[PDB]
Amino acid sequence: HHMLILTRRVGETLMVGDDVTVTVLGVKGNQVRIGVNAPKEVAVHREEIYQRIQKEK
């Protein structure tokens, strides 16, 4: 394993497995707006929220 590195332009989508999609919705400066679709049972978090959740579990 290692990290996979690709370009996605505004409007383009990457898929993690068969059931999760991650779409680039927009870019302003160093900011990317991102849309995620996923199964209800699959949690999606900003890292900072994910790590707080992990410390509480």
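Sequential numbering from 1, following the sequence displayed.
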property	result
Lowest, middle or highest third - CA B-factor, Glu12	lowest
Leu25 by Cα B-factor - lowest, middle or highest third of the modelled chain	lowest
Within-chain third of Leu6 by Cα B-factor, per the entry	middle
For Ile49, the third of its chain into which the C-alpha B factor falls	lowest
Lowest, middle or highest third - CA B-factor, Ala38	lowest
